[PDB]
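1. sequence, then the experimental structure. Questions to follow.
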Amino acid sequence: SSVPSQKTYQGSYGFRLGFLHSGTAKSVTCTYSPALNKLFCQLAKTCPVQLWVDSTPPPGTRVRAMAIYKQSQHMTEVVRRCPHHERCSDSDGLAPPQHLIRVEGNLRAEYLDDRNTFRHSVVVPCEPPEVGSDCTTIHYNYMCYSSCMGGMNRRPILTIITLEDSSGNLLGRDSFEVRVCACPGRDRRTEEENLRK
Ligand SMILES: COc1cc(S(C)(=O)=O)ccc1NCC#Cc1cc2c(NC3CCN(C)CC3)cccc2n1CC(F)(F)F
Ligand SMILES: [Zn+2]
């Protein structure tokens, strides 16, 4: 399949992502490593992702998420849920059972099967921050473990976040690596310790 770009692009509105500072306690359900540009999360749990701009884009702007394999030899393969999880009948009514990334808590979420590339994505409208807030937040859920055999199969993925106009034209792009695992805090600590060597 075709290769979606992963190149960081702030664009005219100064678009970029932000993450909470959740620490690495054993109980943490989602945690982000700036040093690794890597989000560690548990299966089907809330992953807050912040959206930052220097200036407000137009009404009708949307934000899309898509997963791609990070390694060169796998990037052309569609990232999808594994044979077990795509058959477990756990759709919320919007997400197709094959889709790895869901949006939590937004009834306006839309799911795309690309007719040409067969890649999956989920897109929502974006709005300015609530009163007293400086950014907006999307809550994502990842619906397979990184280790799921016949799906990601222990291969690392990136999530590409794109800011789009109402026609789908590119306004901005950012990305981060993702590991979906049972203990994100320990795994982040381990991978950051490995980095220190
Ligand atoms: C129904 O939706 C809309 C309605 C209107 S409106 C009521 O004027 O009719 C206008 C726009 C939209 N929607 C598109 C959007 C947006 C947006 C603005 C934004 C943001 N603003 C600050 C504002 C202050 N200055 C100094 C820095 C920038 C800070 C952080 C995130 C922000 N976002 C979301 C993002 F990042 F994804 F683009
Ligand atoms: Zn799975």
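-> Nice, thanks for sending it over. Numbering: from 1, shown residues only. Ligands and ions are numbered 1, 2, ... in the order given.
2. how about the strands of this protein, start to end?
-> 16-18, 30-33, 38-41, 47-52, 62-69, 101-103, 110-113, 120-125, 136-142, 157-164, 170-180 (DSSP state E).
3. closest one to ligand 2 among those strands?
-> strand 170-180 (8.9 Å; C-beta to the ion). To be clear about C-beta, it is placed using only N, CA and C from the backbone, and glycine gets the same treatment.
4. and the angle from that closest one to strand 136-142?
-> Orientation check (axes from the mean of the first three to the mean of the last three C-alpha atoms, to 10 degrees): strand 170-180 against strand 136-142 gives 40 degrees.
5. helices or strands up against strand 170-180?
-> strand 16-18, strand 38-41, strand 157-164 (3 or more C-beta pairs under 8 Å, 6 or more residues apart in numbering; DSSP states H and E).
6. what's residue 150 sitting at in phi/psi?
-> Here is the backbone geometry of residue 150 (degrees, to the nearest 10): phi 80, psi -10.
7. about what we covered before: and the helices and strands packed on strand 170-180 as JSON lines, adding distance to ligand 2 and mean neighbour count?
-> Below are those laid out as JSON lines (distance: least, C-beta to the ion, whole Å; neighbours: other C-beta atoms under 10 Å):
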{"stretch": "strand 16-18", "distance to ligand 2": "25", "mean neighbour count": "18"}
{"stretch": "strand 38-41", "distance to ligand 2": "14", "mean neighbour count": "24"}
{"stretch": "strand 157-164", "distance to ligand 2": "13", "mean neighbour count": "22"}
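8. need the ones you listed in a markdown table (columns: distance to residue 51).
-> Formatted as a markdown table, those follow (distance: least, C-beta to C-beta, whole Å):
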| stretch | distance to residue 51 |
| --- | --- |
| strand 16-18 | 7 |
| strand 38-41 | 15 |
| strand 157-164 | 8 |
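9. in TSV, list the ones you listed along with distance to ligand 1.
-> Formatted as TSV, these follow (distance: least, C-beta to the nearest ligand atom, whole Å):
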stretch	distance to ligand 1
strand 16-18	9
strand 38-41	18
strand 157-164	6
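10. now do the contacts for the residue nearest to residue 110 when sequence neighbours are not counted.
-> Counting by C-beta to C-beta, 6 or more residues apart in numbering, residue 110 lies nearest to residue 123, which is 5.2 Å off, once chain neighbours are set aside. If a contact means C-beta atoms under 8 Å, 6 or more residues apart in numbering, then residue 123 has 62, 63, 64, 65, 109, 110, 112, 164 as its contacts.
11. mind picking the two most distant members of those?
-> Within these, 109 and 164 form the most distant pair, 14.2 Å apart (C-beta to C-beta).
12. ligand 2 contacts on the chain?
-> 82, 85, 144, 148, 151 (C-beta under 5 Å from the ion).
13. how close does the most centrally placed residue in the chain get to residue 85?
-> In the chain, the residue lying closest to the centroid (C-alpha atoms, centre = their mean) is residue 159, at 4.2 Å. Shown here: residue 159 relative to residue 85, a distance of 17 Å by C-beta to C-beta, to the nearest Å.
14. before I go, just wanted to say thanks for your time.
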